[PDB]
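Survey of secondary and tertiary structure
What follows is the residue order along each chain.
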Number of protein chains: 4
Amino acid sequence: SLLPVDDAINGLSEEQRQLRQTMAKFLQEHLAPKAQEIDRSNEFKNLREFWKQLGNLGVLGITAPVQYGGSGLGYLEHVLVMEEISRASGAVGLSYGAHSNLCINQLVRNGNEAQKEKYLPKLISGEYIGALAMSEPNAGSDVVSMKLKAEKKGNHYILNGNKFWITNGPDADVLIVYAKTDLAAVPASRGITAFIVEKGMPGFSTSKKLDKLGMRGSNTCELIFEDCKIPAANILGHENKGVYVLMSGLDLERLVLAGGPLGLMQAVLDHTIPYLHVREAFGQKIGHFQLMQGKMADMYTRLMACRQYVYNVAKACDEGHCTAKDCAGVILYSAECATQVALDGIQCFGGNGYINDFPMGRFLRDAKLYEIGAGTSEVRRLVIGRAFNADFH
Amino acid sequence: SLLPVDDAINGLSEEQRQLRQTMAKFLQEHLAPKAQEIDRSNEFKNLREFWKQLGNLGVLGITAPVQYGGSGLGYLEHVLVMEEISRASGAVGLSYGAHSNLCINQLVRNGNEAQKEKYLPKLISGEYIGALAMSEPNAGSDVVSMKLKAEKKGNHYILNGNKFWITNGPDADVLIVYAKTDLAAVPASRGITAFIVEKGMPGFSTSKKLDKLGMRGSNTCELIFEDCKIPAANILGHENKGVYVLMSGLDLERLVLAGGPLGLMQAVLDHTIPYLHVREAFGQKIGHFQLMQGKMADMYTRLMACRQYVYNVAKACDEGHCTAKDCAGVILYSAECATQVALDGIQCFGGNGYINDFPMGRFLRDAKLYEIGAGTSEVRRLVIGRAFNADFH
Amino acid sequence: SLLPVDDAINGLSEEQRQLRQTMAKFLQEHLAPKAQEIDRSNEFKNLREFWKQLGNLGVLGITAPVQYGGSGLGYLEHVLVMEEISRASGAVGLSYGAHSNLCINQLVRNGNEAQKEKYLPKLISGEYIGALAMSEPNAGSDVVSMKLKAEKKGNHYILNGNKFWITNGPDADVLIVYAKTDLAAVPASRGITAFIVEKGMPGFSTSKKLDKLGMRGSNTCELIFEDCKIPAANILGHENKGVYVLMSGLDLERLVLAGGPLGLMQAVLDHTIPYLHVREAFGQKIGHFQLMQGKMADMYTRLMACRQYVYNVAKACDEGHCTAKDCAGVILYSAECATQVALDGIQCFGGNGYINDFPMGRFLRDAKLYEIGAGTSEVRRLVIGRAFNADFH
Amino acid sequence: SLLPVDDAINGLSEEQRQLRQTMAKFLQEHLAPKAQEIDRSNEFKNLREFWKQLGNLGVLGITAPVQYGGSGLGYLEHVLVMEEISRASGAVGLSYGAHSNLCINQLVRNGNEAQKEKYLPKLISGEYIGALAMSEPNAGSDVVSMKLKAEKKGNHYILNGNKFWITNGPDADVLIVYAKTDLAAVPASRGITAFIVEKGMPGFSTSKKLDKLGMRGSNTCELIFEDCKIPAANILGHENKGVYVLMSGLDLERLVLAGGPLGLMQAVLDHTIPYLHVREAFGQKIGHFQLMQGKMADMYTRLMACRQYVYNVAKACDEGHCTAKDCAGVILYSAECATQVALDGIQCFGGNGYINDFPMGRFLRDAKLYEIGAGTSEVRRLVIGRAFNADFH
Ligand SMILES: Cc1cc2nc3c(=O)[nH]c(=O)nc-3n(C[C@H](O)[C@H](O)[C@H](O)COP(=O)(O)OP(=O)(O)OC[C@H]3O[C@@H](n4cnc5c(N)ncnc54)[C@H](O)[C@@H]3O)c2cc1C
Ligand SMILES: Cc1cc2nc3c(=O)[nH]c(=O)nc-3n(C[C@H](O)[C@H](O)[C@H](O)COP(=O)(O)OP(=O)(O)OC[C@H]3O[C@@H](n4cnc5c(N)ncnc54)[C@H](O)[C@@H]3O)c2cc1C
Ligand SMILES: Cc1cc2nc3c(=O)[nH]c(=O)nc-3n(C[C@H](O)[C@H](O)[C@H](O)COP(=O)(O)OP(=O)(O)OC[C@H]3O[C@@H](n4cnc5c(N)ncnc54)[C@H](O)[C@@H]3O)c2cc1C
Ligand SMILES: Cc1cc2nc3c(=O)[nH]c(=O)nc-3n(C[C@H](O)[C@H](O)[C@H](O)COP(=O)(O)OP(=O)(O)OC[C@H]3O[C@@H](n4cnc5c(N)ncnc54)[C@H](O)[C@@H]3O)c2cc1C
């Protein structure tokens with residue numbers, strides 16, 4: 001089943017501990033017995049029903065203001081929920097992260113009153129699924145070099161181009177898309193502008209879902225725009241100032257999505273330790289051998305260290321302290337440790353770890369993503385280094 | 001395409017270099033454009049035709065005596081061919097290794113004249129596919145604790161039980177099976193006996209092929225024996241002395257299968273470097289950035305070091321020097337480095353590395369096996385440590 | 001100078017932040033300009049004066065009850081002070097840790113009222129220097145196999161034997177020594193008994209200080225007992241029950257001494273980052289190159305992660321939650337990361353890092369200890385593994 | 001003593017094996033019982049006598065032509081001798097490397113007939129000690145940015161400036177110095193010119209020897225030139241073409257000095273394994289525990305892999321194949337593995353490993369150099385990456 005989580009060390013209040021317990025129980029009831037089928041089929045059959053169920057719990061829009069139906073909690077609760085969902089299933093965890101943190105949080109931070117009232121209630125209730133589009137086939141890490149055109153004609157902007165790697169692409173009812181309004185600006189950051197593109201608008205179509213190594217079931221597609229007219233009302237923040245929105249979104253995205261590797265490491269431990277104490281070779285349980293004890297110690301220590309790092313940084317960001325380098329470092333460290341722990345878990349399982357009946361391969365394939373998505377490891381290292389360069393200069 | 005391989009450093013004679021070139025050309029013509037389809041379908045459609053083609057080249061039974069149609073070459077040529085095939089496709093490489101090294105080499109080393117004449121010609125020609133069975137559901141690394149029964153009645157032994165994880169299981173026409181004839185021997189090693197079980201004998205049936213994380217297409221099944229009568233003529237070596245056969249086979253198996261990680265690392269480099277010099281971000285090729293240059297340096301140095309280690313140890317074993325600890329260390333080091341290089345290659349590709357259109361995920365999933373098959377990493381470390389314990393004691 | 005420490009992320013209250021600032025200022029004034037001389041001379045000239053100065057601040061016996069003059073604070077403050085002192089100088093940090101945590105804490109936890117009143121005031125004031133003796137030349141990690149004899153004659157126990165590796169050995173006025181009273185007990189743990197041996201008693205002499213690779217200046221010697229008569233009043237806890245005292249002391253020792261690697265990593269960062277932004281090669285500061293930025297990112301992330309882990313575990317232990325495996329894991333992770341960060345700092349400095357004028361070599365040599373002292377890394381891994389074995393069994 | 005070296009795997013001919021045996025015997029007789037004293041005193045008392053003894057064996061100038069008294073052997077023999085000397089003592093190994101490879105090889109490759117006849121006989125015989133000067137206080141890795149001035153007046157060049165980090169500085173009778181003749185050349189490489197500066201010339205003085213972390217005893221100083229007049233006859237190669245000489249020297253320097261880490265790893269194994277089979281804890285030798293067996297396996301495999309890499313690359317370079325990237329990679333891999341093995345050896349020794357009586361700390365401090373000297377690790381990674389960039393461009 002699910003190993004107990006020592007919340008005394010994590011320094012979680014009673015309310016947060018209750019939230020974790022409720023989420024764990026609900027996910028073990030509903031999401032957990034479907035993870036293998038989701039991975040195999042590369043499709044979540046009950047995505048909308050599950051989204052409604054999550055909306056009933058209030059985890060969708062957990063950081064959204066109460067007036068729109070949100071829980072109005074902090075980022076620590078958000079990473080708790082994200083960690084639990086990723087523990088239950090990696091792909092559903094990624095889809096939930098993209099829906100809540102990327103879309104709802106961006107709306108509540110950089111949205112007009114009318115836009116909030118129009119979109120947030122349905123997104124929080126779970127009726128609408130959200131997504132964020134900033135990457136392009138030629139501009140994945142160099143986001144400011146996007147090629148999407150957002151020329152302005154009359155009172156409505158006309159969009160042409162395509163965006164790539166959009167999580168929840170084909171299923172999104174509300175999408176936040178970054179486009180370059182001013183292609184002739186001297187700094188490419190100035191040209192960027194954020195728009196709210198909703199499903200059904202003429203010219204907005206999506207390609208077929210991608211076939212991915214891991215995180216299968218989190219529908220990822222390519223957005224296609226052909227003379228799609230976006231009314232001026234659907235503009236986040238202000239025109240030609242979407243770079244700041246993009247950067248703040250990136251910081252909070254890294255901070256929240258750092259919860260995913262925590263969930264994957266917790267799942268690896270949950271499946272490894274009981275097996276190590278059940279499987280026996282050479283006349284005793286394989287867990288009694290010194291090498292396996294060392295493996296368990298390494299996995300446990302890495303998980304605990306990353307968990308403490310993420311929780312403390314989230315607590316700090318709740319107060320108001322948000323620095324780019326810390327938000328990069330948390331996810332960088334968590335992703336690397338998660339990949340190592342997943343490989344170690346496959347090794348501990350051994351022969352049975354290499355077949356698809358056991359979920360260790362799924363854990364490895366899911367964990368490999370977080371070193372690539374939301375900016376690769378090299379990008380995060382450069383961000384931290386440049387943050388150091390800002391001082392002592 | 002295929003990057004050039006510096007054979008001047010490897011210290012390969014002209015004949016071996018010609019062998020490598022011929023194998024590379026043939027595999028690029030035939031096997032290479034089928035690797036992705038083999039991985040996706042979990043089945044090699046042209047396995048028997050490809051085996052006949054390999055038999056025409058003589059790579060099957062490359063170490064077998066010439067009188068049976070073999071090339072009569074050394075282990076260095078064997079690891080060369082294994083490396084090339086693994087470079088073309090990991091699963092076919094594993095199947096070839098199991099066919100040649102595990103079966104044909106065991107026959108030529110521990111077989112009677114009649115058994116050799118009966119089996120070797122067809123195995124070398126490619127008409128028959130070979131396999132070796134020593135692992136069981138409860139005895140994977142603790143091989144001496146196998147439960148297969150080999151009771152002797154009259155002049156024919158009767159077998160009951162099942163063996164697990166047999167490469168080339170469903171397709172094998174000749175199989176070498178280890179069974180415990182004397183279940184009451186004080187040392188479990190004494191009870192073990194090797195038998196030649198051929199396809200079609202009553203009571204010998206195979207289960208459905210496994211669904212594996214990687215190496216998909218190398219048909220792995222479970223052998224089922226129910227009152228199968230094996231004539232006494234089908235005994236390798238001598239009765240109750242199969243432990244020595246098993247150990248020598250394990251040593252040579254590790255030495256030859258160390259060529260697989262070399263092929264996988266070479267494939268990772270072949271697909272990574274041109275892409276790093278084609279894909280461009282921030283106004284220049286991504287290969288020009290210092291972090292990517294460091295990644296390339298690490299991958300190249302690890303590949304070269306492992307290649308030199310394997311080649312030198314194979315050359316030594318050709319002369320007659322075969323020590324258990326060296327044969328363990330070569331594959332241990334190669335497997336660990338191969339896994340690291342595969343992860344690094346996925347990272348270098350980035351977003352495109354995570355989709356199944358590009359083969360980086362396939363390389364990672366294939367490379368993870370060699371830390372598990374032919375004895376896990378922990379077993380090899382214990383073997384080396386005990387080899388040290390033998391001295392200074 | 002000293003880089004700022006982000007206490008917002010660490011979740012430190014205002015009082016603890018003030019404590020850290022006061023300690024940093026005092027150490028930068030007094031201890032810091034003497035670290036190189038202490039390392040070179042292998043001797044702290046002003047040890048007693050510095051101990052009196054520390055006693056004035058109250059850091060000595062920071063966890064001791066107020067009635068004896070202690071501050072009566074928690075373990076978090078203790079690791080804060082230990083981290084600051086280790087940041088100023090590793091050897092003085094180790095000496096302070098041995099004086100406070102090993103001696104004073106053991107006295108306040110497992111001491112009679114009379115023993116407390118006799119010893120604690122002077123130890124806290126700084127007049128007396130404390131030390132703990134549990135390791136022997138043949139029993140370093142296997143502590144229960146100590147050979148020190150503690151035979152009982154009349155009302156006073158007579159001690160014969162020798163203890164090794166005692167920090168603050170030659171300078172200790174009060175020493176806590178573990179000896180085996182009952183050498184014939186079936187479990188060796190039962191024989192162990194703790195005694196309070198004070199300087200000047202006949203038969204108690206110390207050898208010459210050791211010449212160590214690092215931590216030079218923390219006087220380490222060998223205790224020699226020859227028919228030394230210890231009165232029965234000088235017994236910690238109860239006779240033949242010192243094993244529990246030893247184990248609790250080991251747990252708290254690991255928890256507090258985990259602060260040392262934090263100080264060493266902080267010092268490495270403090271000396272590395274400004275130099276990386278001052279030294280210039282190829283026409284720009286070496287800190288602007290991508291490889292150096294990656295090095296800085298790795299060092300910073302490792303430091304932050306270990307700091308969060310240690311602080312959260314100390315906070316938990318303050319409440320009352322103290323588990324052996326967590327207290328082992330904190331120091332294990334911290335020590336390994338500290339060694340890696342020290343090597344990285346030497347590399348970043350380059351040529352100047354290899355000379356003794358710069359402190360990078362001192363940082364490496366000091367950091368190597370924490371993987372050896374207070375139980376090696378292998379012992380901690382075994383402790384964590386056995387803690388897992390206790391459950392699921 | 002000295003563990004046997006498996007030369008069957010290394011593929012060494014009988015002559016090379018005899019050379020290794022003779023060098024090992026001689027060094028164990030003379031150099032070995034002095035290593036600790038050399039490290040402690042930071043001075044080799046018998047440097048000149050030992051140099052004469054080495055000249056008698058012919059190891060000095062082993063690659064030099066026979067007509068000057070050299071052995072006329074290849075680079076493989078050179079790395080063999082370097083490895084043996086480094087195994088005996090790291091500092092003497094570095095001094096020998098600087099004397100032979102840096103000076104004598106440079107003379108035999110880029111020297112006039114008169115210069116060869118004047119200098120080589122005495123350098124090979126051991127009467128003169130050689131050294132190479134290319135690094136400066138501000139130009140360590142950016143060698144082309146050296147500031148030494150070599151203005152030409154009449155028929156003799158006048159030198160002003162200073163060079164730093166010169167191995168065998170104070171003891172060198174012949175020195176090869178690189179200076180910038182044309183400070184106004186558009187490429188800084190064109191300005192560089194190589195000179196032969198001999199001891200005793202007016203204006204040429206040396207500073208006090210450096211106090212280093214490791215490699216103590218290899219006298220390293222700073223060269224000081226003040227209006228030193230160098231006759232035009234003392235020019236290596238041709239004027240304003242010393243960049244090619246410098247680069248070829250760097251390549252061969254890396255290739256030969258890669259033998260040093262091999263010697264250090266061999267010494268670590270030689271001191272670790274017997275101790276692991278003598279020291280006993282928990283009622284058995286510490287070498288029998290699984291963790292220690294894993295440590296031994298890792299150390300042995302890393303040593304063997306690096307040894308095979310270096311030997312094969314040296315064999316290739318003997319034939320005529322010398323590529324920059326391979327010569328960089330060999331030393332990069334060897335240095336990193338040597339540092340890891342030294343740390344592991346200190347850990348295996350444990351408490352005794354931390355004192356200066358045992359040589360494990362000396363091995364670590366010596367091994368740390370090769371990641372810094374002869375170009376740091378980052379420089380080598382950049383060299384390999386740029387070598388890849390040259391192709392596919
Ligand atoms: C499963 C999945 C889900 C995704 N979901 C989303 C989503 O919801 N929203 C979204 O916007 N995107 C999403 N993405 C895309 C992802 O955010 C980007 O693709 C990622 O940041 C890298 O994109 P890329 O491969 O184009 O980077 P590339 O630029 O193509 O990467 C090239 C390589 O070079 C390295 N590199 C790049 N620049 C430098 C440099 N300056 N110095 C050194 N090295 C460098 C990179 O680390 C990488 O290894 C998703 C991707 C995946 C796989
Ligand atoms: C794709 C594939 C192909 C295969 N092909 C073949 C084939 O052709 N022929 C064949 O005979 N087998 C084959 N196998 C099986 C393989 O050889 C064994 O399964 C492998 O050696 C490990 O088996 P296991 O999982 O049962 O080991 P387990 O004993 O179940 O492993 C348990 C775990 O404990 C560790 N462990 C075990 N003993 C110790 C110890 N004493 N100390 C410390 N740690 C220990 C192991 O490393 C492992 O991590 C194949 C397996 C795979 C996945
Ligand atoms: C014991 C010893 C013996 C020596 N003997 C000799 C000798 O005989 N002859 C001789 O000529 N020299 C000798 N040296 C000097 C040595 O060759 C150089 O000092 C070395 O190459 C580095 O010098 P540096 O510290 O000045 O490099 P720095 O440039 O000061 O190094 C700064 C740091 O930045 C890194 N860095 C530099 N450039 C880049 C870049 N472009 N991108 C990324 N990172 C970068 C470096 O790796 C290093 O970590 C010796 C040094 C020592 C310690
Ligand atoms: C600077 C310094 C200060 C010190 N200060 C103190 C002090 O104040 N108080 C004090 O009591 N001690 C002190 N010590 C001693 C220290 O606590 C012990 O020496 C340490 O725990 C290891 O001792 P050892 O070398 O005898 O261990 P050993 O048993 O000799 O170590 C042998 C090696 O085998 C490994 N090993 C041991 N058992 C096992 C096993 N079961 N399985 C696998 N591997 C195993 C160990 O990790 C080690 O690598 C100090 C030591 C130093 C260097």
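Numbering of residues starts from 1 on every chain and follows the order in which that chain's sequence is written, so it may differ from the entry's own numbering; residues lacking coordinates are left out. For naming, the first written chain is A and the first written ligand is 1, with later ones following in the order written. Only hydrogens and water are removed before side-chain values are computed, so all heavy atoms of the structure are retained for them.

In the PDB archive, cryo-EM is given as the structure determination method for this entry, at a resolution of 2.84 Å.

Thoughts on the pairing of strand β2 (residues 149-153) of chain A
Residues and elements named next belong to chain A. Keep this limit in mind: Strands were regarded as paired on the criterion that DSSP finds at least two bridges between them. Helical segments are the DSSP runs of H or I of at least four residues, strand segments are the runs of E of at least two, and each set is numbered from the N terminus.
When β2 meets strand β3 (residues 156-167), the two strands line up antiparallel, connected through 5 bridges. Across the sheet, the residue bridging to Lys152 is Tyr157, located in β3. Between β2 and β3, which pair antiparallel in sequence order, lie 2 residues; one of them, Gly154, sits at a positive phi of approximately 65°.

What to know about the UniProt feature "binding site: substrate" in chain A
All names here are of chain A. Convention followed: UniProt positions are given in the numbering used here, feature names are shortened, and annotations may be inferred rather than shown by experiment. Contacts: residue pairs with any heavy atoms within 4.5 Å of one another. Each residue gets one of three labels from its accessible area relative to the maximum for its type: buried under 20%, exposed over 50%, partly exposed in between, using a 1.4 Å probe on protein chains only.
This chain's UniProt record puts "binding site: substrate" on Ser141, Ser189, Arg190, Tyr244, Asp251, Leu252, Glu253, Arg254, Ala374 and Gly375. Considering the C-alpha atoms alone, the annotated residues occupy 235 residues of sequence and remain spread out, their largest mutual distance being 23.0 Å. With respect to the element layout, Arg254 can be found in helix α9 (residues 242-257). Not counting chain neighbours up to four residues away, the residues in contact with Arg254 comprise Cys327, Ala328, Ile331, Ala374, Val379 and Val383. Relative to the assigned elements, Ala374 resides in the loop between α13 (360-367) and α14 (377-390). Its relative accessible area of 17% is what places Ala374 among the buried residues. Those residues in contact with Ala374 that sit more than four places away from it in its chain are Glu253, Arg254, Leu257 and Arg380.

A word on the packing of aromatic side chains
Here a ring pair, both rings aromatic, is described through the centre-centre distance and the interplanar angle of the planes. The test is simple: A pair of aromatic rings is counted whenever rings of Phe, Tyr or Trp (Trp by its six-membered ring) have centres within 6.5 Å, and the orientation is called stacked for planes under 30 degrees apart, edge-to-face for over 60 and tilted otherwise.
This structure, assessed with the given rule, holds 40 aromatic pairs over all chains. A centroid spacing of 5.2 Å and a plane angle of 90° characterise the contact between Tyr300(A) and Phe388(C), whose relative ring orientation is edge-to-face. Here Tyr300(A), found in helix α11 (residues 290-319), pairs with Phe388(C), found in helix α14 (residues 377-390), and the two come from separate chains. The burial state of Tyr300(A) is the same as that of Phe388(C); both residues are buried.

A short note on the packing of helix α10 (residues 259-276) of chain A against α13(A)
All names here are of chain A. To be explicit about the condition: Fitted lines through C-alpha atoms give the axes, limited to the stretch in contact for helices. The angle between two N-to-C directions lies from 0 to 180 degrees. Under this scheme an angle from 65 to 115 degrees is roughly perpendicular, one under 35 degrees roughly parallel, and one over 145 degrees roughly antiparallel; angles in between are oblique. Left-handed is the label given to a crossing in which the near helix is rotated counterclockwise from the far helix by less than a right angle, and right-handed is the label when the rotation is clockwise. Residue type decides the class: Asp, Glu, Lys and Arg count as charged, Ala, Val, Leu, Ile, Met, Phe, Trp, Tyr, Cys and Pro as nonpolar, and the leftover types, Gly among them, as polar.
One way to put it is that α10 packs onto α13 with a least axis distance of 10 Å and a crossing angle of 165°. It follows from the interaxial angle that α10 and α13 lie roughly antiparallel. The handedness of the crossing between α10 and α13 is left-handed. Taking contact as the criterion, the partners of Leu264, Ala267, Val268, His271 and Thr272 in α10 are, on α13, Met360, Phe363, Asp366 and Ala367. Of the residues contributing to the contact of α10 with α13, the split by class is 6 nonpolar, 2 polar and 1 charged.

Regarding the site of ligand 4
The test is simple: Each residue is tested against the molecule or strand, and it is near if at least one of its non-hydrogen atoms lies within 4 Å. Here a polar contact means two N or O atoms within 3.5 Å. Within protein one must be a hydrogen donor candidate and the other an acceptor candidate, and residues neighboring in sequence count only if both atoms are side-chain atoms.
In the vicinity of ligand 4, 26 residues are found, and the nearest of them are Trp165(C), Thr167(C), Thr376(C), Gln347(D) and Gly351(D). Ligand 4 sits at a junction of chains, with neighbouring residues supplied by chains A, C and D. For ligand 4, an oxygen atom lies 3.2 Å from a polar atom in the side chain of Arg279(D). The backbone of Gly351(D) places a nitrogen or oxygen atom 2.6 Å from an oxygen atom of ligand 4. Elements supplying a minimum of two residues to the shell around ligand 4: β3 (156-167) and α14 of chain C together with α12 (324-349) of chain D. The residue makeup of the shell around ligand 4, split by class, is 13 nonpolar, 10 polar and 3 charged.

Here we look at helix α2 (residues 14-29) of chain B
Residue and element names in this part refer to chain B. We count it as follows: Take the residue count of a helix, subtract one, and multiply by 1.5 Å to get its expected span.
Given a rise of 1.5 Å per residue, 16 residues ought to cover 22 Å, and the 23 Å separating the end C-alpha atoms of α2 matches this to within 8%. Three or more residues of α2 are buried, namely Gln16, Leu19, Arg20, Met23, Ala24, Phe26 and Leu27. The inward-facing, buried residues of α2 contact α1 (7-10), α4 (47-57), α5 (75-88) and α11 (290-319).

What about the site of ligand 1?
For the record, the criterion: Only the protein chains shown count as cover for residues, and the accessible areas themselves come from Shrake-Rupley with a 1.4 Å probe.
Around ligand 1, the structure places 26 residues, and the nearest of them are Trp165(A), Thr167(A), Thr376(A), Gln347(B) and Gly351(B). In this structure, ligand 1 is bordered by residues of chains A, B and C. A distance of 3.2 Å separates an oxygen atom of ligand 1 from a polar atom in the side chain of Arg279(B). Compared with its free state, where it exposes 990 Å², ligand 1 has 96% of that area covered by protein. Sorting the residues of the shell around ligand 1 by element identifies β3 and α14 of chain A together with α12 (324-349) of chain B as the ones contributing at least two each.

Comments concerning the domain arrangement of chain A
Residues and elements named next belong to chain A. Filter applied, for reference: Domain start and stop points were drawn from an automatic or database domain assignment. Two parts placed together each lose some accessible area; with a 1.4 Å probe, that loss summed over both constitutes the buried area. In the sections that follow, a salt bridge refers to a side-chain nitrogen of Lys or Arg positioned within 4 Å of a carboxyl oxygen of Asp or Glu.
On domain assignment, one finds that chain A holds domain 1 (7-129), domain 2 (132-242) and domain 3 (258-390). Once you take the C-alpha centre of each, domain 2 and domain 3 turn out to be 32 Å apart. Contacts between the two partners involve 5 residues from domain 2 and, on the opposite side, 5 residues from domain 3. For the pair domain 2 and domain 3, the two sides together bury roughly 450 Å², of which 73% comes from carbon and sulfur. By the criterion of area lost to domain 3, the three top residues of domain 2 are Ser141, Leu213 and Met215, representing 85% of everything that side buries. Counting every contact that joins domain 2 to domain 3 gives 0 salt bridges. The class makeup of the residues in the side of domain 2 that touches domain 3 is 2 nonpolar, 2 polar and 1 charged.

What to know about the interface of chain C and chain A
With 42 residues of chain C at the contact, the number on the chain A side is 42 residues. Linking chain C to chain A there are 2 salt bridges. A salt bridge links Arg381(A) to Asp298(C); the nearest nitrogen and oxygen atoms lie 3.1 Å apart. Seen at the junction of chain C and chain A, the total is 18 residue pairs in polar contact. Looking at the side of chain C that touches chain A, the elements with two or more residues in it are α1 (7-10), α11 (290-319), α12 (324-349) and α14 of chain C. Residue contributions to the side of chain C that touches chain A peak at 16 residues, all from α11(C).

Thoughts on the relation of the copies chain C and chain A
Worth spelling out the cut-off: The copies line up through least-squares superposition based on their C-alpha atoms.
Expressed as a screw transformation, the operator carrying chain C onto chain A has a rotation angle of 180° and an axial translation of 0.0 Å, and the superposed copies differ by an RMSD of 0.0 Å. What we have between these two chains is a two-fold relation. A shared binding surface is used by both copies, with 100% of the interface residues of chain C retained as interface residues in chain A.

Comments concerning the state of the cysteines
Condition: Criterion for a disulfide: a pair of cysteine sulfur atoms at a distance within 2.5 Å.
Across all of its chains, the model carries 0 disulfides over all chains by this definition. The structure places no disulfide on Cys322(C), whose sulfur is separated from the nearest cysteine sulfur, that of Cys317(C), by 3.5 Å. Of the residues examined, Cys322(C) reaches a relative accessible area of 39% and is grouped as partly exposed. You can see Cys348(D) has no disulfide; the closest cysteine sulfur is in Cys337(D), sitting 16 Å from it. Note on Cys348(D): relative accessible area 5%, which makes it buried.

Describing the environment of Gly140(C)
Locating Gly140(C) in the fold gives a position in the loop between β1 (130-133) and β2 (149-153). Excluding residues that lie within four positions of it along the chain, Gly140(C) makes contacts with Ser135(C) and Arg279(D).

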